[PDB]
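In structure tokens, the next block holds one chain alone, the form deposited in one PDB entry.
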């Protein structure tokens, strides 16, 4: 009893969560729009709770600091009791599954390569066998951890280069990585999840593209604190929304119906 408003942590990442044009004249959840905003409303309706969308303070997805062992990002918000649920493009990983709970995945993705159109790169192998074109990943994300922990020859070779490249090839936000690709005249390639790659490919000035296949296969899941009673209902809601076609409808809405290319 005593129903409480569910605190939802999320992250400003297009097209998942974006500020509306007139957000300063709106209140509460009405300030935001996007895929995860639509998904949050549906999860809440089917689970029967009220909620409040909050943007993660440090703007990070979630990683454990090697020195302090403290989790940052949305994962930290769940681990340390600042939020009840995370509805965001948060990647299911083993290290995260040990400290938080994930629903079954609501979106599939893989690590992919973003290039400026015309860049002579077709695969991760191509990137690893050359030096003219620099490449990097997002900081404090699952893509960086993938390369740091990989024992696969090609990916290990890529990590050896990235960790020691100077100036740093890592970026603080996805928008920073895309801008770097666009302004580097083809001398920077960005490693990011296929979902964000495919979205940017459909946005003006339509000068980037996804090349090659995905480097791995994984999914985004809705996250709750370990043992939270909310996890069960949220998981069943994700499965219901997928089977009813809602997740496919939302992706088409925010990726391709709004495409500008």
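Residue numbers count along the first chain shown, from 1. Rigid core (definition): largest C-alpha set, two forms, superposition within 1.5 Å.
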Between 250-258 and 4-12, the record assigns the higher mean Cα B factor to 250-258
Per the PDB entry, mean CA B-factor is higher for 87-95 or 148-156, namely for 148-156
From the entry's CA B-factor values, the highest among 73, 136, 167, 105 is 167
When the entry's CA B-factors for 36, 53, 66, 234 are compared, the highest one belongs to 66
Split the chain's modelled residues into thirds by Cα B-factor; residue 112 lands in the lowest
Of the three thirds of the chain ranked by Cα temperature factor, residue 26 occupies the highest
The third of the chain into which the C-alpha temperature factor of residue 176 falls is the middle
So, residue 193's CA B-factor, relative to its chain, sits in which third? The lowest
Of the three thirds of the chain ranked by Cα temperature factor, residue 225 occupies the middle
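The protein also exists as the form deposited in another entry; that form is not presented, and the subsequent description refers to it.
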Superposing on the rigid core between this form and the one not shown, the only one of 107, 134, 99, 92 with a Cα displacement of 2 Å or more is 134
Aligned on the rigid core, do the two forms place the Cα of residue 184 2 Å or more apart, comparing between this form and the one not shown?
yes
Once the two forms are fit on the core, has residue 235 moved its CA by at least 2 Å between this form and the one not shown?
no
Checklist entry - Any CA movement of 2 Å or more for residue 79 between this form and the one not shown, core superposed? => result no
